[PDB]
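In what follows, every chain begins at residue 1, and chains take the letters A, B, ... in the order their sequences are listed. In listed order, ligands and their atoms are each counted from 1. All values below come from the heavy atoms of this structure, side chains included, with hydrogens, waters and symmetry mates left out.
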Protein chains: 2
Amino acid sequence: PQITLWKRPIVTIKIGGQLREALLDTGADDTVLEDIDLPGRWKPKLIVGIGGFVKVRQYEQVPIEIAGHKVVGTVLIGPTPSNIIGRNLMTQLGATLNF
Amino acid sequence: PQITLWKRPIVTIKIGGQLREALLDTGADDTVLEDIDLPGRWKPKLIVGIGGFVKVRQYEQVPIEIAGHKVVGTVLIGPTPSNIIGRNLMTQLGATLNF
Ligand SMILES: COc1ccc(S(=O)(=O)N(CC(C)C)C[C@@H](O)[C@H](Cc2ccccc2)NC(=O)O[C@H]2CO[C@H]3OC[C@H](OC)[C@H]32)cc1
Ligand SMILES: [Cl-]
Ligand SMILES: [Cl-]
């Protein structure tokens, strides 16, 4: 699909059998979700944003479906005001910005 | 231009006669710059990010050049770890996400 930016570029995701919405976020290196359970081991990581720092759980090689497209990548679980899909996963979709 | 997202989508901006770089950020409703002087009146505003909140100055009808394209819009000045171009200005470029 092609998306204009008059509205937030929100897509449906499926992860660990859970359905959620997330923002396609070219400003995010990494993918960060709040409202989700993932199984298995994970590494503490700190990530910064406008308001400072957030402590997140790093989960590696997570299967995720983003607007129908199946990928495997790193997912961070932690407090975020919005679920965000970062460039780590958008590169798997072959996503481009056009102007 | 069309760009891919293997690297951060950073563009050159010119604002109030100052040259800077900024991230094209589909996850940002608003444009937030740290390292710049704008003249005239402005309004307190609080904006929420990953890590919480930053206090910013809202400047309206600011002339800005983004990768060669002249626009006028709202610019927030405040602490941000990265200068960001939000959808308020990317819609003025006719920017789209494609996958
Ligand atoms: C290395 O890994 C990451 C590091 C940082 C981030 S981030 O979320 O902090 N961020 C980085 C930017 C600030 C350099 C990505 C942004 O797209 C972020 C994504 C985002 C979206 C919503 C809430 C919080 C964060 N957006 C905003 O903070 O937007 C601000 C500014 O405009 C307003 O619109 C939305 C917010 O208002 C709600 C305001 C993500 C992954
Ligand atoms: Cl739109
Ligand atoms: Cl990844």
Side-chain angles (χ1 to χ4, degrees), chain A residues 1-11 15 21-35 38 42-43 45-64 66 70-93 95 97-98, chain B residues 5-11 21-35 45-58 73-98:
Chain A
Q2 183 174 70
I3 312 199
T4 64
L5 295 171
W6 297 101
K7 181 51 162 94
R8 290 180 176 160
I10 293 167
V11 291
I15 179 176
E21 290 187 285
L23 170 78
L24 288 183
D25 187 355
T26 63
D29 300 339
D30 307 315
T31 293
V32 189
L33 312 174
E34 180 210 24
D35 40 14
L38 294 174
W42 58 261
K43 306 146 183 180
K45 170 158 180 159
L46 195 138
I47 66 170
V48 280
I50 263 170
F53 77 92
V54 59
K55 322 191 165 282
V56 302
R57 300 182 177 193
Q58 183 165 315
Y59 291 85
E60 302 189 20
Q61 260 158 292
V62 182
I64 180 164
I66 304 172
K70 294 184 94 68
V71 298
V72 172
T74 301
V75 176
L76 310 183
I77 307 293
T80 172
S82 291
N83 286 340
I84 56 174
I85 307 308
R87 301 187 290 101
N88 76 299
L89 298 187
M90 288 201 283
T91 50
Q92 307 306 300
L93 300 182
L97 270 170
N98 302 267
Chain B
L5 297 169
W6 297 102
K7 54 195 179 283
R8 291 180 179 159
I10 291 163
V11 292
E21 291 188 281
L23 185 63
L24 287 182
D25 188 355
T26 63
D29 298 343
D30 307 312
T31 294
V32 190
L33 310 176
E34 183 213 25
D35 41 15
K45 208 209 173 160
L46 197 139
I47 63 175
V48 54
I50 263 181
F53 83 107
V54 295
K55 328 197 165 173
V56 304
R57 300 176 149 200
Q58 184 166 312
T74 302
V75 175
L76 309 185
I77 305 290
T80 172
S82 287
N83 286 339
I84 58 177
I85 307 309
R87 301 187 290 100
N88 75 299
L89 297 182
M90 290 196 279
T91 51
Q92 302 303 306
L93 303 178
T96 56
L97 273 167
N98 305 260

Please confirm whether the backbone N or O of B:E21 pairs with a side-chain atom of B:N83, one donor and one acceptor, at under 3.5 Å?
yes
With side chain to side chain contact (heavy atoms under 4.5 Å, CB included) as the criterion, how do B:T26 and A:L97 come out once you've worked through the C-alpha distance, each side chain's angles and the decisive distance to 0.1 Å?
CA-CA 9 Å; B:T26 63; A:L97 270 170; 3.9 Å; yes
Would you mind listing which atoms of ligand 1 come within a distance below 4.0 Å of any non-hydrogen atom of A:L23?
21 (C)
If you scan protein heavy atoms around atom 29 (O) of ligand 1, the nearest is B:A28 CA, 3.6 Å
Could you tell me whether ligand 1 has any atom less than 4.0 Å away from a heavy atom of A:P81?
yes
Nearest to atom 33 (C) of ligand 1, what protein heavy atom do you find, and at what distance?
B:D29 N, 3.5 Å
List every atom of ligand 1 that sits less than 4.0 Å from any heavy atom of B:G49, numbering the atoms from 1 in the order shown and giving each element.
24 (C), 28 (O)
Is a side-chain donor-acceptor pair under 3.5 Å present for A:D29 with A:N88?
no
Between A:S82 and ligand 1, does any nitrogen or oxygen pair lie at a separation below 3.5 Å?
no
Considering only NZ, NE, NH1 and NH2 on the basic side and carboxylate oxygens on the acidic side, decide whether A:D25 and A:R87 come within less than 4.0 Å.
no
Name every donor-acceptor pair, under 3.5 Å, that has one atom in a side chain of residues 73-80 of chain B and the other anywhere in the protein, sequence neighbours excluded.
{"unit_1": "B:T80", "atom_1": "OG1", "unit_2": "B:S82", "atom_2": "N", "d": "3.3"}
{"unit_1": "B:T80", "atom_1": "OG1", "unit_2": "B:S82", "atom_2": "O", "d": "2.6"}

Less than 3.5 Å between some nitrogen or oxygen of B:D30 and one of ligand 1, yes or no?
yes
Would you indicate which of B:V54, B:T26, B:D25 comes nearest to atom 16 (C) of ligand 1 when only heavy atoms are counted?
B:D25
Show the atom names and distances, to 0.1 Å, of all donor-acceptor pairs under 3.5 Å that link a side chain in residues 47-58 of chain B to residues at least two apart or in another chain.
{"unit_1": "B:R57", "atom_1": "NH1", "unit_2": "B:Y59", "atom_2": "OH", "d": "2.7"}
{"unit_1": "B:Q58", "atom_1": "NE2", "unit_2": "B:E60", "atom_2": "OE2", "d": "3.2"}

If you measure every N/O of B:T80 against every N/O of ligand 1, is any gap under 3.5 Å?
no
For the atom pair CG (A:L89) and CG (B:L5), what is the distance rounded to the nearest 0.5 Å?
11.5 Å
What is the closest protein heavy atom to atom 39 (C) of ligand 1, and at what distance does it sit?
B:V48 O, 3.5 Å
Look at atom 31 (C) of ligand 1 and find which of A:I84, A:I50, A:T31 reaches it with the closest heavy atom.
A:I50
Output, in order, the C-alpha distance, side-chain angles, deciding distance and verdict of side chain to side chain contact (heavy atoms under 4.5 Å, CB included) for B:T96 and A:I3.
CA-CA 5 Å; B:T96 56; A:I3 312 199; 5.9 Å; no
for atom 11 (C) of ligand 1, nearest protein heavy atom and its distance come out as A:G27 O, 3.7 Å
